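Peer 1: following this: a sequence and the matching experimental structure.
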Amino acid sequence: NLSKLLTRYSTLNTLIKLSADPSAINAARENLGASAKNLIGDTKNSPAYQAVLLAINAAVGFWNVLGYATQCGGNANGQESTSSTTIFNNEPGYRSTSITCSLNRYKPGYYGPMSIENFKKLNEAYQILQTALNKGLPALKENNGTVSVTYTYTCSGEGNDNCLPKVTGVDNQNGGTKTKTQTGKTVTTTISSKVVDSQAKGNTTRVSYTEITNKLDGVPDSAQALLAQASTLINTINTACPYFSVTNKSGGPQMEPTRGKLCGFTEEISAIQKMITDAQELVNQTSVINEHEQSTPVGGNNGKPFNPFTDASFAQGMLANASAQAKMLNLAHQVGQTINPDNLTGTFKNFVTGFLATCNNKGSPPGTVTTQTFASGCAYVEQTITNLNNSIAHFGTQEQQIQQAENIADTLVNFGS
Amino acid sequence: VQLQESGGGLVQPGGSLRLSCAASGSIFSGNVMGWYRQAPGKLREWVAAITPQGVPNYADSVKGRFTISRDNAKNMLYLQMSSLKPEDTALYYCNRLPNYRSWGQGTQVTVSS
Ligand SMILES: CC(=O)N[C@H]1[C@H](O[C@H]2[C@@H](O)[C@@H](CO)O[C@@H](O[C@H]3[C@H](O)[C@@H](O)[C@H](O)O[C@@H]3CO)[C@@H]2O)O[C@H](CO)[C@@H](O[C@@H]2O[C@@H](C)[C@@H](O)[C@@H](O)[C@@H]2O)[C@@H]1O[C@@H]1O[C@H](CO)[C@H](O)[C@H](O)[C@H]1O[C@@H]1O[C@@H](C)[C@@H](O)[C@@H](O)[C@@H]1O
C-alpha cells in the first residue's frame, strides 16, 4: 500500500508529483543541459577536465622524475652496440635538456637499457604531451583540435645505426627527407636528416653526428587522443622495464630504491594506469551525453494532459544522459583519489609528496623542460589536485540536479513498463 | 563509510545553531565535504561545501549567514547557522562530494515563532 509507503518516505511522494508534471520534467532537462556544458564545455570549472588533466600530468610527471636515471642504448634492432651515443633533445636529463643513450655492450631489455626503438616510442609520446600541455588542453567536447610537434635527436659514434636511411625512412643521411601519414584523423610526419662533420665551424663537440628532425602536423589534441599518448608513455616504460640508477642530493628528498628496474615502482605505475583507464571511461561518457540531448521540451500530446505511463518515451534518453553525467563526476573523483597523498601511505606517499608533486624549475609554464626538471614532476600535480577539488566543491548544486533528473527519468521508465 | 549528524532542534527566528557531522575516515579524508537539507515538499538541496584545504562555498540562500568548517584531525564537519529564518526549516544532512550513496539519519532544524 502506497499511502503507508509515502508516510514513511515523503521525498518519494514529492518525486512522483514532479514526475507527473511536464514543467518540472522540463526544468530537470534544462538542468542536465547546463550541467553538461559545465562538464564537457568548460575547463577550469569542470571536474571531468581537471581529472583528465591530472591523469596526463601524472604520466608525464612520472617520467620527469625518473627519466634522467634510466639506462638506454644500443642499435636499431634492439641489439647491443659497441660505441653508439644517441641523444634525444627536449627531454629531462641530468642537469640537461637532453637524455643521452650511450650504454654499450649490454643487451637492451628487461633490467637493462631501454632499446632505442622503445625510447623513440616514449619520446614521441612525451613530446606530443608536453607540446599539448603547453598550449592548453581543450574542453572534452572538442574533438578536432590539433597541435604541431617538432623534436630532434642525434647519433654519433662508430657503428651507430639509429640515424640511418634504412631506419629513418629518409633517402640521404645528409639533406634527405621523407613524408608519411597515418591515422579517425590524418597526421602527417616529416622526417629530415642532416650530417655534421667533426671539423665543421660551429661544432662545439668533438665529433661527427647525424641529426634527425621530426615535424608532425595535425596531431590531435583531444582528451581521448592525449590519454592514448599518456598510456603509450607509461606502458612503454613498464613493458620495457629498464634499469635505472638515481642520484640523491644530500639534504632534500630521498629515493628508495636507488637502483633497479622501472617496473619495480609497481604501486606508482598501477595507479597511473588506473587513472588513465578511469579517465578514458570518463571521456567516453561524452558520446552518451551528446547522443541524448535534452533540449527538446516534452509534454502531453493532441490536447490531453501529460500521462506519465504513455507519453514518456524520452525517459530512457534522459536516464542515460543523467547517469552518464553522474558517472563522469564519480570517475573524476576516483582519479583524484588514486593519487591524492592524503590517503597514500609509505613508499608511494613519499614518491608523490617528495618527487611527483614538486617542480625544481625556476610556476614555469606547463610543458617546459629545463636543466632542473629531472627528479621532479614539473607537471602541476599539486595544483591540479587542488583544482579538481575546487571544481567538485563548485559542482554541488549541479550534482543534486543530476540526481533529481536521474530519479525523475527512472520513475518514468518504471511507469512505462 | 558512515555519517552521523547532530545539533538540530527547534529555535526562534534570528537564532543560531551549530550542527555537527561525525564522518568515517574513508568518507572524509582527502575529500570535499558538504551539507545539504531537505525541506517540506522538496527534494534535497545543496547548501555548502568545503575542500580538504578548508576553502568553503555556499548556496545563495545561505551565503552570508552560515559557516562551514572541518576538523581534519577528527573527521568532523560543522555548520554554524546564524540569522535563522522559517525557510531554513529542514532535515540537514552531511556527505562527501560527490556523494556516498547511503545517507545518514539527518538532524531536524525547525525555525518558528
Ligand atoms: C664515425 C663517424 O661519424 N664517421 C663519419 C666521419 O667522422 C669522422 C671524421 O670527421 C674524421 C675527420 O678527420 O674525424 C673523426 O673524428 C675524429 C675527430 O675529428 C678528432 O678530432 C678526434 O680526436 O678523433 C676522432 C676519431 O677518433 C670522425 O669520426 O666523417 C665522415 C665525414 O663526415 C662521415 O661520412 C660522411 O657521412 C656519411 C654518412 C656518408 O655520407 C659519407 O660518404 C660521408 O663521407 C663518417 O660517417 C660514416 O661514414 C661511413 C662511410 O664511410 C658510413 O656512412 C657510416 O655509416 C657513417 O657513420 C654514420 O654517420 C655519421 C655521420 C655518424 O652519425 C655515425 O654515428 C653514423 O654511424
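Peer 2: Cool, the structure landed. Numbering: from 1, shown residues only, chains lettered A, B, ... in the order given.

Peer 1: could you find the closest non-adjacent residue to the residue of chain B found nearest chain A?
Peer 2: Distances between chain B and chain A by C-beta to the nearest C-beta are smallest at residue B:30, namely 3.3 Å. Every C-beta, even on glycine, is put in place using the N, C-alpha and C of the backbone. In space, residue B:30 comes closest to residue A:342 once its chain neighbours are excluded; the distance is 3.3 Å by C-beta to C-beta, 6 or more residues apart in numbering or on different chains.

Peer 1: same check on residue A:255?
Peer 2: In space, residue A:255 comes closest to residue A:246 once its chain neighbours are excluded; the distance is 5.0 Å by C-beta to C-beta, 6+ apart.

Peer 1: now do whichever strand or helix holds residue A:337: which elements does it pack against?
Peer 2: Element membership for residue A:337, per DSSP states H and E: helix A:315-339. When contacts are defined as 3 or more C-beta pairs under 8 Å, 6 or more residues apart in numbering or on different chains; DSSP states H and E, helix A:315-339 packs onto helix A:22-40, helix A:47-66, helix A:266-291, helix A:381-393, helix A:396-415.

Peer 1: tell me the first helix or strand C-terminal of that helix.
Peer 2: Defined by DSSP H and E, the subsequent element after helix A:315-339 is helix A:346-351.

Peer 1: what's that following helix in contact with?
Peer 2: A:65, A:253, A:255-256, A:265, A:267-268, A:271, A:341 (C-beta atoms under 8 Å, 6 or more residues apart in numbering or on different chains).

Peer 1: most neighbours out of those, which is it?
Peer 2: residue A:65 (26 neighbours; other C-beta atoms under 10 Å in any protein chain shown).

Peer 1: quick one: contacts for the residue lying closest to it once chain neighbours are set aside?
Peer 2: Distances taken as C-beta to C-beta, 6+ apart place residue A:355 nearest to residue A:65, at 4.9 Å, with adjacent residues excluded. With contact taken as C-beta under 8 Å, 6+ apart, residue A:355 is in contact with A:65, A:253, A:255, A:375-377.

Peer 1: make a markdown table out of the residues you listed and add secondary structure.
Peer 2: Listed next are those as a markdown table, based on DSSP: H, G, I helix; E, B strand; the rest coil:
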| residue | secondary structure |
| --- | --- |
| A:65 | helix |
| A:253 | coil |
| A:255 | coil |
| A:375 | coil |
| A:376 | coil |
| A:377 | coil |
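
Peer 1: of all those, which two lie farthest apart?
Peer 2: A:255 and A:377 (13.1 Å; C-beta to C-beta).

Peer 1: quick check: which element contains whatever residue of chain B ends up closest to the ligand?
Peer 2: Chain B approaches the ligand most closely through residue B:30 (51.2 Å), counting by C-beta to the nearest ligand atom. Here residue B:30 is covered by no helix or strand, with elements defined by DSSP H and E.

Peer 1: which positions in the stretch 1-150 of chain A make contact with chain B?
Peer 2: A:10-11, A:14-15, A:18 (C-beta under 8 Å from any C-beta of the partner chain).

Peer 1: go again using 7 Å as the cut-off
Peer 2: A:11, A:14 (C-beta under 7 Å from any C-beta of the partner chain).

Peer 1: next up, the contacts around the one residue in chain A that gets nearest to chain B.
Peer 2: Using C-beta to the nearest C-beta, residue A:342 is the residue of chain A that sits closest to chain B, at 3.3 Å. Shown in contact with residue A:342 (C-beta atoms under 7 Å, 6 or more residues apart in numbering or on different chains): B:29-30, B:52.

Peer 1: need phi/psi at it.
Peer 2: When quoted as degrees, to the nearest 10, the phi and psi of residue A:342 stand at phi -60, psi -30.

Peer 1: how many residues are close by residue A:112?
Peer 2: Neighbours of residue A:112 (other C-beta under 10 Å): 20.

Peer 1: how near is it to residue A:150?
Peer 2: Using C-beta to C-beta, to the nearest Å, residue A:112 is found at 31 Å from residue A:150.

Peer 1: please apply the same query to residue A:264.
Peer 2: Counting by C-beta to C-beta, the gap from residue A:264 to residue A:150 is 34 Å.

Peer 1: with residue A:261 instead?
Peer 2: Taking C-beta to C-beta, one finds residue A:261 at 32 Å from residue A:150.

Peer 1: one more: residue A:256?
Peer 2: The value you get for residue A:256 to residue A:150, if C-beta to C-beta is used, is 38 Å.

Peer 1: and if you look at residue A:169?
Peer 2: For residue A:169 relative to residue A:150 (C-beta to C-beta), the value is 17 Å.

Peer 1: neighbour-wise, which of residue A:261 and residue A:150 wins?
Peer 2: Neighbours were counted for residue A:261 and for residue A:150 using other C-beta under 10 Å; residue A:261 has more, 17 against 14.

Peer 1: ok, for residue B:75, nearest residue in space, not its chain neighbours?
Peer 2: residue B:28 (4.1 Å).

Peer 1: ok, the one you found touching residue B:74?
Peer 2: No. If you go by C-beta atoms under 7 Å, residue B:28 and residue B:74 don't touch, sitting 9.3 Å apart.

Peer 1: who has more neighbours, those two?
Peer 2: residue B:28 (23 against 10).

Peer 1: distance of the closest residue to residue A:306 other than its chain neighbours from the ligand?
Peer 2: The shortest distance from residue A:306 to any non-neighbouring residue, by C-beta to C-beta, 6+ apart, is to residue A:300 (4.3 Å). Here the distance between residue A:300 and the ligand works out to 78 Å (C-beta to the nearest ligand atom, to the nearest Å).
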